[PDB]
Structures are given as C-alpha cells and as structure tokens.
C-alpha cells in the first residue's frame, strides 16, 4: 500500500509502506522539507535511489543503514565523484573529476579524503603519484611538473612543483621531486631534478631545502652544506684554523635522499595499481547511478499518484542550480 506521513521535524514520507515502515518506492524529504530522497526502500531503509540537496547537488546510487554506501555518483558544483561509498563518505576506491578540465584524483579514500595511494592530476596537467593521508600528500611520492612556462603560478610556500622558483629555469624546464612528504609538503629526504640538469639531493622542510644537502647546477658547479629555508647557511669548508663534520653530514643526507627517491618510485607503482581499480569502480558506479535514476522515476510516479499535491522539491533544486 502507500500513504503520506509527516514527521515532527517538518519533512514527509510519501510512497509505499509495509509493516509501518517505508517499503517499495517513495520520496522522503528532510527536516523542514529540505533535501529529498527518491527511490527504492526495503523495511525502512533506502536501497537504490537519488538524493538531491537544495543546492541542486545530487547523489545517485546505493544506500545502506540510512547512508550513501556501495557504488554511487555525486555531483557537487564543478566536481563529480564516481566510485565506492562507505557509511556516507567516499571510499574505499573512486575517482573525483572536474566537470570541465582533466583535473582529477584516482585512487583510495578514507572518510571522504584522499588517503592511501593514488594519483592527482592538477589543473596544469602535472601530477602527484604516491601516498596520501587525510587528504594530503604524506609519506613517499613523486611530483611531476609540466614545463615551467605552462605550470600554474602558485605562491611560495604552497607551491610544490618547482621548489624554489629561481633563475635556473626556462619556459621548457620540468622538475621532478621523488622522496618524502609531510602534511602536503616536501619534507624529509628527497631528490629534486630539473630537465636542465639542476638537482638537489638532501633534506627538505616546508617545500624548501632545509637541513643538509647538495645542489648541482646546470653548469655542473655545486652548492652544498646546511640549508635554512632554501639559503645555504653553512658550507663544507672549515675555517682557516678550526671539530665540524659538514662534509659527512651532507654525504649522509644525499644517501638518505637517494633511498627516499627509490622508495617514492615503489609507492608510485602501488598508486598506479590503485588508480586502475578506482577507474573500474567509477565505471561500475556509473551503472549504479543509472539504476538509481530509474528507481527515482518510479518513486516520483508513485508519490504523484498517492499525493498529487505533495511538492517533490528535487527537480526544482536542480533547475535553479
């Protein structure tokens, strides 16, 4: 059977029911009539259907225990996510993609944040591949710039593709960083190398050379010792009449950076695997979203027949967006 029920909070359920619970197809609006689910129900819970927020953003896919769960597609402003959901949040595997450019992330997620392994393609076409935690590049991974003249101009200290931006560059130069990241920044041991032959091997903090390391310039000359915020503050040479161990500390930092770069390459391989599984789950989510739109159409017709004057707000939400 079917019916219309009002909740104390101002929302409504209109649709099929059995044993005092939503069952079959039906529409349910949120408190004060804001937000709308339209789709199938089993024993009080959504199963396959669409949610529309007042902004016009939508989720179309599967549900469990009252939440987005399993495969589904979310459209939120200029970003769409296709893939798996768990207890209302993105994950484990899926793809978030821009509606108008190739910028995207493919890989794993935790609680709606990029987390585990994956690859982000930035607006300029450059990438990060490797480990993520809590939405941030964190662990080991590789940053690949595009040519400098094409790369997005971002202020220091947030910029991560060319670090630092200084005069050993031309419009064609690219930069790669392979090594450790902390909290979205180059931090710890790592190697940066440019296509003009410049290279730094050593320690980083806050996207800057910081600690011991060696820079080789395109002409083959070197600057090495202890860096503070990208500035060399102690060189290798001892004073005329001196104990210090700068030479040894630089050599140990170079070794640490080369090991971290190798580890980052290992993490890239895992991240590439995760992106292939994420793309497969995104394609599966496209099918889940189609099923949800079909169930939504049935639910709209059921509620229109039961309660012709009940306002289903979802279509107008999308129209006004």
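Residue numbers count along the first chain shown, from 1.
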| property | result |
| --- | --- |
| Where residue 220 meets residue 221 in the shown sequence, the number of deposited residues left unmodelled | none |
| Per the entry, higher mean C-alpha B factor between 114-122 and 92-100 | 92-100 |
| Greater mean Cα temperature factor according to the PDB record, 252-260 or 66-74 | 252-260 |
| Of the residues 83, 139, 235, 107, the one carrying the largest Cα B-factor as recorded | 235 |
| Entry-reported Cα temperature factor of residue 214, expressed as the chain third it lands in | middle |
| B-factor third for the C-alpha atom of residue 200 within its chain | lowest |
| Cα B factor band for residue 245 (lowest, middle or highest third within the chain) | highest |
| B-factor third for the C-alpha atom of residue 239 within its chain | highest |
| Cα B factor band for residue 227 (lowest, middle or highest third within the chain) | middle |
